[PDB]
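To begin, one chain is listed below as structure tokens, in the form deposited in one PDB entry.
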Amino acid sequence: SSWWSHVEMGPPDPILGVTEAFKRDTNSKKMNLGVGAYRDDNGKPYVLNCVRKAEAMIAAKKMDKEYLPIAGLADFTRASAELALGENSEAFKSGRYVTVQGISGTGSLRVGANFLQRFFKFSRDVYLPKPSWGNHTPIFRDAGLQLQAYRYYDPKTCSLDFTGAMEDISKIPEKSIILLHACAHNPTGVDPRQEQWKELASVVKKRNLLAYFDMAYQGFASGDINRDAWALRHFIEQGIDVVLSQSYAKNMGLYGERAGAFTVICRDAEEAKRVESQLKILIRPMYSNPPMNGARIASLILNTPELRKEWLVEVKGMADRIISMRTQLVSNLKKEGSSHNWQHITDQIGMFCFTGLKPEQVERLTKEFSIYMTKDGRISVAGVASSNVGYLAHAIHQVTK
């Protein structure tokens, strides 16, 4: 009936552009630094051992495929909160939080956005760091909220614009919403240091802002689950009742299984139950109940001492590899006689690194070196291996010489 003749072709994904060209390249020396998931030293996808084991365990138990409660798997949501807040957290012990399973971090972010749109009467403004993960915009926008921003990244030093951040935040109308990356800021890799987080907390507290933490790399950033959750935990201790989204896509390599959760810190256990009833109401008409596989896998790992223990080592190996690559990249640039300051590379944390390379330098690296990345100078450290770090150091040097 020509119902859709007016539907226009959506704009193409740039990252997709990068991956495709990479795919077309025949030079065996090509590098894909546009990659969004972890890759091993051999440039291959990695399913943790503990994951294989957990999977085998489920298979062994001949479990049913019955619908999970709207809120998800209790063993999973509980373990998830404990993971984030800490076993001895006051918030945890008193049971004054409500955690619901979501469709990975994304779905959890969205549920949260929809929850705020509905019940957070104080404001519609959500302040994002400049820049932020691309998907954050439309998540909040689609949810019916308004987007604001605070200075974060400093192009000058490829570090944190602590001054701008603090000035921006100090002017945020009371009771507004501020989004913070728990650790391993995406896409810059620039995170505040402890002393800086202590200061941001003080202002967020003072200005009575609702803090929304996006925690997609717990344990994957520094290889330590406690350290990665430090800032989130610190806010809550200072009396800031945050909202939070967790993803296991990276830390457990559950990517496609979509395991994640949304958590609200409440005043007491009673209030938590009320909030939880409302989240159930929101979710039902969204997708009814959550996918079971990823949650079943995560819960087993988290709740099985042997698995959990093994997980920590594994997540640590992942973190270590990335760090080692940052280290080696810096070292090789020196060996190459790069007069430039590449400290930011080692100061940066996680999978993403804002290099400082200009659009033109990027082109050259692509055109001449078969090294693929986006024009923002952002590199996925996951695409770097022991075998090519040398080459990359080399190539970067040539275009910056």
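Residue numbers here begin at 1 and follow the sequence given.
Exercise. Between 356 to 364 and 59 to 67, which has the higher average C-alpha B-factor in the PDB entry?
Worked result: Result: 356 to 364.
For this session: Could you check the entry and say whether 6 to 14 or 19 to 27 has the higher mean CA B-factor?
Result: Going by the record's values, the stretch with the higher mean is 6 to 14.
Exercise. For the listed 346, 32, 339, 49, which has the peak Cα B-factor recorded in the PDB entry?
Worked result: Top of the list by C-alpha B-factor: 339.
Problem set entry | Residue with highest C-alpha B-factor in the PDB entry, from 198, 233, 326, 280 | Comparing C-alpha B-factors across 198, 233, 326, 280, the maximum falls on 326.
For this session: Relative to the other modelled residues of the same chain, rank the CA B-factor of residue 80 and answer lowest, middle or highest third.
Result: Lowest third, going by the recorded CA B-factors of the chain.
Exercise. Lowest, middle or highest third: where is residue 97 by C-alpha B factor in its chain?
Worked result: Tercile = middle for this residue's CA B-factor.
Problem set entry | residue 187, C-alpha B-factor rank within chain (lowest, middle or highest third) | According to the entry, residue 187 has a C-alpha B-factor in the chain's middle third.
For this session: Check where residue 173 lands among this chain's C-alpha B-factors and tell me if it's the lowest, middle or highest third.
Result: Residue 173: CA B-factor falls in the middle third of its chain.
Problem set entry | Chain-wide C-alpha B factor ranking for residue 148, given as lowest, middle or highest third | Ranked within chain, residue 148 CA B lands in the middle tercile.
Not pictured, yet referred to below: the form deposited in another entry.
For this session: Establish whether residue 242 belongs to the same rigid part as residue 344, given the two-part motion between this form and the one not shown.
Result: Different rigid parts: residue 344 and residue 242 move separately between this form and the one not shown.
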